[PDB]
Amino acid sequence: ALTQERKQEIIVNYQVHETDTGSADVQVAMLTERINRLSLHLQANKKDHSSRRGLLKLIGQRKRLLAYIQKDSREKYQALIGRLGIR
Amino acid sequence: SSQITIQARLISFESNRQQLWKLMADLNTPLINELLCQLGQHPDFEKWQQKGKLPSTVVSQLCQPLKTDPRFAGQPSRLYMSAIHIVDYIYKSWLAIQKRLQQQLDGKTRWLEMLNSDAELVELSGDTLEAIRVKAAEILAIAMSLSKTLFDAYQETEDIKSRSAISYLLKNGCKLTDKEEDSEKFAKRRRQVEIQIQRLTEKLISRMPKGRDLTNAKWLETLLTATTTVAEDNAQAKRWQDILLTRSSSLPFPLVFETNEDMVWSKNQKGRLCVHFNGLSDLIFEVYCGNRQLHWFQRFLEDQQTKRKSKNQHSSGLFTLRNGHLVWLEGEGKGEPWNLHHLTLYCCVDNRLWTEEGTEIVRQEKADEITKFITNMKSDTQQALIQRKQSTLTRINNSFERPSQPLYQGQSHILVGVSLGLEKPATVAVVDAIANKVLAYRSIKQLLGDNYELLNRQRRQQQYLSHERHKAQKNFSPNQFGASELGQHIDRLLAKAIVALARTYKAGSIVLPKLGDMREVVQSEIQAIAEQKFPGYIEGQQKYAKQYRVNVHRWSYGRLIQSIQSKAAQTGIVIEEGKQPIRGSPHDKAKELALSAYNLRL
RNA sequence: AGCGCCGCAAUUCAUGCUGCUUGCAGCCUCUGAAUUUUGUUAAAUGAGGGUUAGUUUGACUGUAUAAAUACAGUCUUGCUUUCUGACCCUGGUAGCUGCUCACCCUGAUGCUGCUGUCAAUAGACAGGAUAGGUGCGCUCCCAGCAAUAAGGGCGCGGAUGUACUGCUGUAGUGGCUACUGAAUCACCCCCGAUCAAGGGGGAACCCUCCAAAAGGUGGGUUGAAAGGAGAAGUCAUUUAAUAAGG
């Protein structure tokens with residue numbers, strides 16, 4: 001689970017502006033935090049198929065959002081994935 | 001069916017178990033995986049599928065350069081040989097499956113072409129129905145194997161009248177019929193064949209044998225990829241998911257010892273039977289078995305000692321032990337795998353080799369087969385093969401002095417027919433065939449006797465355990481179980497009851513039905529009905545008769561047939577195959593099954 | 001209600017019984033078949049989870065016999081399963097982590113359903129398979145909930161280029177890991193083993209036998225079965241995720 005402080009820090013860091021809470025860039029940043037933590041869990045917990053179910057959802061959610069961003073703008077898309085460290 | 005398996009736990013100190021586990025998991029199973037990969041890429045692979053046969057030596061040839069590859073080099077000679085046998089039998093299995101499926105697809109595709117309705121047969125013959133009926137009466141009078149003979153007659157007879165007459169004659173089960181064709185029952189029967197062709201076509205897209213990766217390196221690298229990389233499209237992400245859901249293989253492939261003397265038996269000073277394997281004699285394993293099997297493991301030592309006392313003038317061709325499989329059974333709980341899992345030896349024996357009379361049966365079977373071989377076989381190593389065969393043929397004459405038990409004698413005119421059904425798994429009729437009289441019926445309830453309550457237990461547990469799995473799946477709970485072992489128990493109880501009744505009436509044989517593939521018949525029948533009832537509504541079609549289709553997929557007619565065949569062979573009762581009639585009750589089906597198998601003796 | 005199962009009762013009958021004439025004719029006690037009712041103080045079924053290298057289901061040889069098997073002697077090992085008993089539980093402490101929820105309507109193979117102290121709110125404590133409904137049981141039905149089947153309705157905020165997102169708490173409910181609680185058994189107790197390991201001591205009932213009012217040698221017994229296994233492919237069902245399909 002994700003703390004409100006880490007959540008709000010993600011919001012502030014990826015916001016387009018101070019009241020943006022839901023742009024696709026903020027959404028993929030939130031999902032990237034979740035995917036990173038859950039990958040570390042599943043590397044240690046291969047039999048946690050319940051948690052693995054969540055990963056496949058989260059990876060798909062981010063895949064759809066990044067594909068949406070990429071055809072709004074490749075400049076914003078490339079900058080965003082570079083910040084998040086996604087190849 | 002005189003080959004059976006007996007098993008024992010193998011016990012040894014930890015360093016022996018660890019060394020064997022590492023040989024199996026780190027070298028032998030990776031070698032098997034590599035052989036499966038290379039064999040599936042071989043340029044002759046596509047012609048092996050057409051022959052349905054693997055070359056006798058191609059796995060051995062592929063393994064030779066791998067025996068000194070740093071990935072695989074550390075193994076005894078018999079472990080390489082075991083890996084070869086594993087891989088060779090896998091493809092012998094898989095190529096035989098694909099070959100038969102292809103023949104089924106070709107056979108039914110021809111039938112779909114020659115299945116024409118009388119409205120179509122009128123046009124395609126150019127003759128009135130009475131005219132083709134007469135021509136079918138002539139062609140039947142010549143073809144008098146009848147089915148195959150008509151299928152032979154069809155192909156090269158390009159004369160559309162005779163060709164249509166054969167089509168009409170085959171539509172009716174190789175016979176004349178006066179009655180009119182019900183056009184909707186024909187259209188349904190045509191549709192069944194299309195579904196069967198489609199389902200055969202889909203089954204022929206089987207995967208190549210997948211192997212056992214025990215490291216699961218592909219899973220972890222895919223996890224790192226899918227979490228840090230953008231998927232190029234949906235199909236890459238789907239392939240990632242398909243890998244991430246794939247479950248890890250825990251256990252290596254077992255070892256196979258096709259030379260019975262590669263298991264060397266001994267008794268330790270604490271009096272326990274012990275075994276070691278060729279190439280691993282430093283690892284002594286202690287035999288821990290039930291007394292109900294101990295007499296076999298004692299026999300393995302006595303057979304070994306007999307041939308040593310005779311300075312190898314006996315043949316191991318008559319050793320009661322045939323081969324061994326060395327298996328790790330999955331342990332519950334946690335530990336290092338050589339501690340967690342339990343090492344188990346499975347020995348094939350031929351039950352006839354227990355007695356002296358049965359050994360004489362095997363000796364003649366061996367002698368005839370080897371005398372045939374030596375005559376037909378006639379290089380230096382091929383001449384050495386002849387000399388080994390001639391040594392076997394000489395040495396099988398030396399007796400092991402085994403227990404004498406006179407062979408079963410059954411009356412040729414007394415048969416037991418066993419009717420198999422979805423509702424009543426077995427029903428038997430003892431028939432005196434020259435008298436044409438039933439000596440005894442038994443129902444399923446009389447066969448099970450006091451065990452009959454197990455049959456309601458099975459139905460009740462199959463319902464209950466399916467529903468508990470359904471509930472557990474939604475929670476991702478691992479606690480998913482089923483009644484397969486109870487079902488196996490019931491089929492073995494029935495098999496013993498049937499054979500005991502056969503012995504009691506001195507039946508010469510047990511008659512079993514040629515059911516064919518009941519599941520593909522039922523599945524294509526129900527689909528053809530459902531497509532009429534739910535046109536354009538696939539989920540309605542799949543809901544239709546769902547529980548009947550499930551019941552037919554659970555019907556264990558093969559396991560019951562196999563259990564009967566094994567028990568009859570262990571008492572020397574002949575098994576015969578007959579055709580079960582569709583008419584009548586299970587009792588009448590069993591009687592007419594028995595009597596038809598008697599009349600089919602030619 | 002429906003469906004499955006269970007027995008009950010009834011009819012007909014042969015795989016049952018009776019007879020001389022051994023292939024037929026009666027009958028329905030027994031042992032079974034055909035599915036026909038019916039739920040009764042009946043007789044049968046009965047599904048919360050777990051607990052033994054448990055016992056019996058063996059091998060060989062001799063003797064007997066019509067097989068079936070039976071008796072006597074010698075040997076015995078612990079595997080993989082199916083039942084019947086008996087016993088124990090309703091779990092604990094830290095971590096990791098999924099899913100769910102703005103709100104409303106409908107209600108899914110959804111969730112929950114025991115007893116009795118206490119107790120207005122809240123659940124706790126002590127019992128415990130008697131666990132909602134019927135003879136028993138269900139995904140059916142009843143009652144409460146339903147966000148965690150599907151759908152539908154409809155707020156403000158972000159976003160609005162096809163992605164969607166927030167309203168979400170010491171929250172509800174799953175999974176995984178580590179350690180840990182009870183039975184860890186086959187007549188009972190105690191001390192041990194668990195890749196090997198057994199030892200000691202008792203209670204009932206029956207044999208065997210001093211010549212005997214009385215207890216006591218030498219033993220026996222204290223629930224049964226089944227077995228052909230590995231490897232590879234496939235089908236079916238269900239669950240989860242994904243996609244809108246070349």
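Proteins get letters first, then strands, A, B, ... in listed order; numbering begins at 1 in each.
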Using OP1 and OP2 only, check whether a side-chain N or O of [X] sits under 4.0 Å from [N].
X: A:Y77; N: C:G161; answer: no
X: B:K471; N: C:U239; answer: no
X: B:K424; N: C:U35; answer: no
X: B:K546; N: C:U238; answer: yes
X: A:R52; N: C:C176; answer: no
X: B:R503; N: C:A68; answer: yes
X: B:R457; N: C:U45; answer: no
X: B:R9; N: C:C195; answer: no

**Prompt:** Paired with C:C71 by Watson-Crick or G-U wobble geometry, both distances under 3.5 Å: which nucleotide is it?
**Reply:** C:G62

**Item:** Residue matched to C:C24 through Watson-Crick or wobble contacts both under 3.5 angstrom
**Value:** C:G19

Sugar-phosphate only, base, or nothing, as touched by [X] at under 4.0 Å among non-hydrogen atoms:
X: B:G290; result: base
X: B:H295; result: sugar-phosphate
X: B:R519; result: base
X: B:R272; result: base

**Asked** So which heavy atom on B:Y408 is nearest to which on B:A502, and how close?
**Response** OH-O, 3.5 Å

**Request:** Answer with yes or no after comparing the ring centroid distance for B:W296 and B:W354 against a 6.0 Å cut-off, counting only values under it.
**Result:** yes

**Prompt:** Which way is the base of C:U239 turned, syn or anti, if we draw the line at 90° from 0?
**Reply:** anti

**Request:** Tell me, please, whether B:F400 has B:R402 positioned over its six-membered ring: NZ or CZ under 6.0 Å from the ring centre and within 45 degrees of its axis?
**Result:** yes

Could you tell me if [N] and [M] pass the stacking criterion of ring centres under 5.5 Å and planes under 30°?
N: C:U76; M: C:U77; answer: no
N: C:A44; M: C:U45; answer: yes
N: C:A129; M: C:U130; answer: no

**Message:** How would you summarise protein contacts on nucleotides 15-20 of chain C per nucleotide, using B for base, S for sugar-phosphate only and - for none, with heavy-atom distances below 4.0 Å?
**Reply:** B-----

Which nucleotide, [options], lies nearest any side-chain atom of [X]?
X: B:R199; options: C:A159, C:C138, C:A236; result: C:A236
X: B:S477; options: C:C60, C:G175, C:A163; result: C:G175
X: B:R459; options: C:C99, C:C6, C:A33; result: C:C6
X: B:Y288; options: C:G169, C:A68, C:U77; result: C:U77
X: B:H489; options: C:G233, C:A197, C:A225; result: C:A225

**Asked** Under 3.5 Å, is there an N or O donor on one side and an acceptor on the other linking the side chain of B:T5 and the base of C:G228?
**Response** yes

**Message:** Between the base of C:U77 and the side chain of B:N291, is one N or O donor paired with an acceptor at under 3.5 angstrom?
**Reply:** no

**Message:** Between C:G49 and C:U55, how many Å separate the two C1' atoms, rounded to a whole number?
**Reply:** 25 Å

